[PDB]
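Note sheet for the following structure.
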Protein chains: 6
Amino acid sequence: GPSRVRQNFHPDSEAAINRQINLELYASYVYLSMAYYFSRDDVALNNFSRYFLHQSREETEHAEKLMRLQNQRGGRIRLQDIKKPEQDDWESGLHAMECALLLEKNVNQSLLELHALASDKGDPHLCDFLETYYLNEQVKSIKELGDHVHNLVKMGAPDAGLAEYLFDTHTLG
Amino acid sequence: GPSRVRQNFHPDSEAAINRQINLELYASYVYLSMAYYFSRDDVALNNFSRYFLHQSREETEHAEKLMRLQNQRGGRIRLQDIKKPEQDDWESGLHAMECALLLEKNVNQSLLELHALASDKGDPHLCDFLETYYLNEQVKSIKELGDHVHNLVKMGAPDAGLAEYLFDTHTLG
Amino acid sequence: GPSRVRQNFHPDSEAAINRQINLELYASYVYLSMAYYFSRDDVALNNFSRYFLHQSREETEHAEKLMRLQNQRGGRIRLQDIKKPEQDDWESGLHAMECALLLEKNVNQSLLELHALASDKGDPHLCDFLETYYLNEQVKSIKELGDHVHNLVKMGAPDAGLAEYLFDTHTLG
Amino acid sequence: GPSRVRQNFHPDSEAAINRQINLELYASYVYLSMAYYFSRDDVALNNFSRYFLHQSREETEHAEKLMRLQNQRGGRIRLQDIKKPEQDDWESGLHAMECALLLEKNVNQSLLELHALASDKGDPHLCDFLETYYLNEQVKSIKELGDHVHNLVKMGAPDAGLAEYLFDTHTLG
Amino acid sequence: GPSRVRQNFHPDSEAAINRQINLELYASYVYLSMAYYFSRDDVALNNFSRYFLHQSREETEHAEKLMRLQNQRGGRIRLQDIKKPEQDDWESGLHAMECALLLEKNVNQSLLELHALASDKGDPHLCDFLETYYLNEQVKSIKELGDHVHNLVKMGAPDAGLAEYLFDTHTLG
Amino acid sequence: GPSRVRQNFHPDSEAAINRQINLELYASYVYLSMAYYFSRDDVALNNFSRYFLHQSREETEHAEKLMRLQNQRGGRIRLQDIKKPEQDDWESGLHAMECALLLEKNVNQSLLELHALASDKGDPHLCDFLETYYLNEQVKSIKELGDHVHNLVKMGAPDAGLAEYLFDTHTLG
Ligand SMILES: [Cl-]
Ligand SMILES: [Cl-]
Ligand SMILES: [Cl-]
Ligand SMILES: [Cl-]
Ligand SMILES: [Cl-]
Ligand SMILES: [Cl-]
Ligand SMILES: [Cl-]
Ligand SMILES: [Cl-]
Ligand SMILES: [Cl-]
Ligand SMILES: [Cl-]
Ligand SMILES: [Cl-]
Ligand SMILES: [Cl-]
Ligand SMILES: [Cl-]
Ligand SMILES: [Cl-]
Ligand SMILES: [Cl-]
Ligand SMILES: [Cl-]
Ligand SMILES: [Cl-]
Ligand SMILES: [Cl-]
Ligand SMILES: [Fe+2]
Ligand SMILES: [Fe+2]
Ligand SMILES: [Fe+2]
Ligand SMILES: [Fe+2]
Ligand SMILES: [Fe+2]
Ligand SMILES: [Fe+2]
Ligand SMILES: [Fe+2]
Ligand SMILES: [Fe+2]
Ligand SMILES: [Fe+2]
Ligand SMILES: [Fe+2]
Ligand SMILES: [Fe+2]
Ligand SMILES: [Fe+2]
Ligand SMILES: [Fe+2]
Ligand SMILES: [Fe+2]
Ligand SMILES: [Fe+2]
Ligand SMILES: [Fe+2]
Ligand SMILES: [Fe+2]
Ligand SMILES: [Fe+2]
Ligand SMILES: [Fe+2]
Ligand SMILES: [Fe+2]
Ligand SMILES: [Fe+2]
Ligand SMILES: [Fe+2]
Ligand SMILES: [Fe+2]
Ligand SMILES: [Fe+2]
Ligand SMILES: [Fe+2]
Ligand SMILES: [Fe+2]
Ligand SMILES: [Fe+2]
Ligand SMILES: [Fe+2]
Ligand SMILES: [Fe+2]
Ligand SMILES: [Fe+2]
Ligand SMILES: [Fe+2]
Ligand SMILES: [Fe+2]
Ligand SMILES: [Fe+2]
Ligand SMILES: [Fe+2]
Ligand SMILES: [Fe+2]
Ligand SMILES: [Fe+2]
Ligand SMILES: [Fe+2]
Ligand SMILES: [Fe+2]
Ligand SMILES: [Fe+2]
Ligand SMILES: [Fe+2]
Ligand SMILES: [Mg+2]
Ligand SMILES: [Mg+2]
Ligand SMILES: [Mg+2]
Ligand SMILES: [Mg+2]
Ligand SMILES: [Mg+2]
Ligand SMILES: [Mg+2]
Ligand SMILES: [Mg+2]
Ligand SMILES: [Mg+2]
Ligand SMILES: [Mg+2]
Ligand SMILES: [Mg+2]
Ligand SMILES: [Mg+2]
Ligand SMILES: [Mg+2]
């Protein structure tokens, strides 16, 4: 007996949404780890910290909107463990930005695969949901991180003593 | 070479704080799961949903304050996987409240063990931190959940058709 | 079957809290008696009256916070008779202040014994409660009464005709 | 040597006023006990709690106005022990309301006896005081408690699971 | 004959409080010296000056609260000479920050010893006072100085010509 | 190599300014000691306390303006120990006022000697500085203390029981 609300919602889509929820919660956790790296006494870049904390909270938002979608369409949320990030020590502001850029591209690829599945299953509601709330958000995020990586590289991060300090106070501040 | 800030901070305390961070993030995840259970089309108790979502966000706050403490004292945050909750289907408003009460008592026991360790290691800063921000918060939470469980039981939840509906709109609304 | 909320709360602590509730209600009654002594036609020191009435209402506050604590921790309030004060006729403003100082020191000693018991029973929540809401309040009260006793003594109370009158209007007014 | 203010004030009236002061303080204590019964984790009817706490504070007001009267007329306040209430466990919202109704009728009977004594002693000031501040207050209180008892009985308290809960939130809230 | 207010206050605690008052006044003097070093014509880092002047005034606050505590508990303040700071010429912004960090750790160690003494003498009021007003303040101060030292080191202070100038205007400004 | 700013500033003036800085810090410490004497439980003259605390803070101001002058003129501040006051127990309000008057006259004599030195060294900037900020301030302070001493003497301090009490509340309040 399916949910009384379910219509045109393929089980494969339901499962792929559960996988995406986990990936968004994972991304939130990565950014939380980065936020607290930058508030270490031996790093102390408070605007890098604030930037990644904000990104962490945005990813939780991305997870919740997918959870809401699952309920709206009559699917059933199935949560899984949230894996720990690949590092606790993120090495530098530049390295954290590079890792965030890679993460965002990986999440983007997942979203594009989800869109292809929704298209294959003739689910225009799901296609529109991804286009409206996810795909452009990802493109903007990737572009912003690319901008930040370029400036940090050009400024001489991480080894040039003034580079991350000045980027912290003038770009992220 | 210890952190330049570290003073009177035992490695066992540092490790126990890392364990507590994981437990608080776990509690956040349990409450997030409960929040979205109550917005299922076949449950649809929107104030139970809002109540647990608020609890979820409070637990993230508890995790972050411990992460901040670790940095302030010169310890190093070590994150671990956040285990999935024990259930996706929380059965009823009463059952969710009972599970939350058990969770809060378990977290409390962990905090009391942490306080005993801090006392044993002569760390009054850590003892005060737990007393100021954690122990009374836990006592208030446990009491509130106890109140809610009692009322739901007396009203005839979960089988009495009006009980969870009326509790949703008059206690949690 | 203990309360569903009870945790780390020793029966000896529960009983000592009941004893403390009675002592706070007793102190409220002593100060109420003093308040109405000072509004006798043959005493007529209206600011001494107001001062002790305020102290009486504060002690009721101290009793209620302990009653709340008992409920929060899952103990059961057990009330006893509130003994009448040792006098109806408090003799003078100076004598009332001296009696209040002795009362406050006695209540303080009780609170210190309660703190020692809570420490012995490894109850940091109860220890913190006493430190946060009781111990400093007592130290401030004892100091204030000491100040008042000194000034009244130096001014020549109770026999110097102007002393209590002027203290009433310039310190307590 | 009587008070310089005393006039037309019989010793029997003075003594009966002292007895009434004790009865009003007793009633305050009964209602304080009831207030904290309703905030137990296994009762948790917060508007019953608030209702009885308010009644407790009103009774203290009734005691103080009699204490003031004693001073105004030149009598001497004589305080006695405040007996503990007959119960700590008040069983149910309905039972507490029934006990409060009985208490109010008993206090009323005492006030009517005091009025009869004042009449016998030709004390119109005391008669007017009781009529102005006590007798109608009692009639209103008894009527209100009667209303509450009737509704709770009709609703099926204490055994009907929704009755006290709904009365708490819709009459007392 | 002890003070009329004194209770549960050991002579060893009284003496240790006098020693702590002197140490706080000493710390105030060190920071005053640093403040005026940075306004020399050949140093001229006005935000380093303002930062240390603020720290100096905070230490006077720490001294006064201990002086107040001594009076509140019935001890007797015993002042001693305030020793001059170890240097008049503080060499650089980085060196001043390093010296301040060492000073704060030394004051912290003193406060931890005072807390251990208060614990040994069963003085929970004094323990709470130190925890409430001193211990967390010290942890925050040490962390802040650690952050500042790290940034100055990374930026290339004191020899890199732009480092202290830019830190002055962007962190301390 | 002198400071790039130094002009018409004799080494003897520089040294005399350092001596004056120490004397102003000493005066601050004397008044701080007096302030806390008057808040003892066995003295308890809160407006004497406030009066001397204000004087203490003014003396710190006098010290800082001389420190600023030293920097402005290109001299080098040389701090010395701040000697403890001659007493901890200041005996009475009258005695404290007499001691403050003597202190102010001594500081005045020092300032007059500094002015004579500045005149001898043809330093009109330093002469003007002392005249503008110090000499009239001292004359006003000495006059005020003289007024206070006279009133306290006439009122019968320290032995007349009402004198210091009434002066506290009507002159210093
Ligand atoms: Cl479907
Ligand atoms: Cl997994
Ligand atoms: Cl489609
Ligand atoms: Cl350590
Ligand atoms: Cl794991
Ligand atoms: Cl400790
Ligand atoms: Cl227990
Ligand atoms: Cl008894
Ligand atoms: Cl403990
Ligand atoms: Cl009469
Ligand atoms: Cl009796
Ligand atoms: Cl009549
Ligand atoms: Cl003692
Ligand atoms: Cl010394
Ligand atoms: Cl202790
Ligand atoms: Cl020169
Ligand atoms: Cl010296
Ligand atoms: Cl000249
Ligand atoms: Fe973003
Ligand atoms: Fe955002
Ligand atoms: Fe995302
Ligand atoms: Fe793993
Ligand atoms: Fe993202
Ligand atoms: Fe984004
Ligand atoms: Fe909560
Ligand atoms: Fe909240
Ligand atoms: Fe928590
Ligand atoms: Fe698992
Ligand atoms: Fe919790
Ligand atoms: Fe403690
Ligand atoms: Fe909570
Ligand atoms: Fe008070
Ligand atoms: Fe108050
Ligand atoms: Fe009290
Ligand atoms: Fe008795
Ligand atoms: Fe008290
Ligand atoms: Fe505390
Ligand atoms: Fe008090
Ligand atoms: Fe009423
Ligand atoms: Fe009312
Ligand atoms: Fe009444
Ligand atoms: Fe009895
Ligand atoms: Fe009544
Ligand atoms: Fe009549
Ligand atoms: Fe009438
Ligand atoms: Fe009433
Ligand atoms: Fe500071
Ligand atoms: Fe500050
Ligand atoms: Fe300090
Ligand atoms: Fe020396
Ligand atoms: Fe400090
Ligand atoms: Fe600080
Ligand atoms: Fe002045
Ligand atoms: Fe001033
Ligand atoms: Fe001066
Ligand atoms: Fe000396
Ligand atoms: Fe002066
Ligand atoms: Fe002055
Ligand atoms: Mg995955
Ligand atoms: Mg931050
Ligand atoms: Mg764990
Ligand atoms: Mg909702
Ligand atoms: Mg007792
Ligand atoms: Mg009055
Ligand atoms: Mg009776
Ligand atoms: Mg309540
Ligand atoms: Mg020392
Ligand atoms: Mg400046
Ligand atoms: Mg000198
Ligand atoms: Mg004061």
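Just follow the structure's listing: the first ligand is 1, and inside any ligand the first atom is 1. Just so it is clear: chains get the letters A, B, ... in the order the sequence lines come, proteins before strands, and each one is counted from 1.
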Is it true that the side chains of F:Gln87 and F:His95 contain a donor and an acceptor less than 3.5 Å apart?
yes
Are F:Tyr29 and F:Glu24 linked by a side-chain donor-acceptor pair shorter than 3.5 Å?
no
Do other residues, nucleotides or ligands put more than 12 heavy atoms under 6.0 Å from the NZ atom of F:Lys105?
no
Identify the residue among E:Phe38, E:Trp90, E:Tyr31 that makes a ring-ring contact (aromatic ring centres under 6.0 Å, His included) with E:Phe48.
E:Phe38
Hey, is the Fe ion (ligand 47) within less than 2.8 Å of some N/O/S atom on E:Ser141?
no
Of all the atoms in E:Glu137, is at least one N, O or S atom closer to the Fe ion (ligand 47) than 2.8 Å?
no
For the Fe ion (ligand 54), find the closest N/O/S atom on F:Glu58 and give its atom name.
OE2
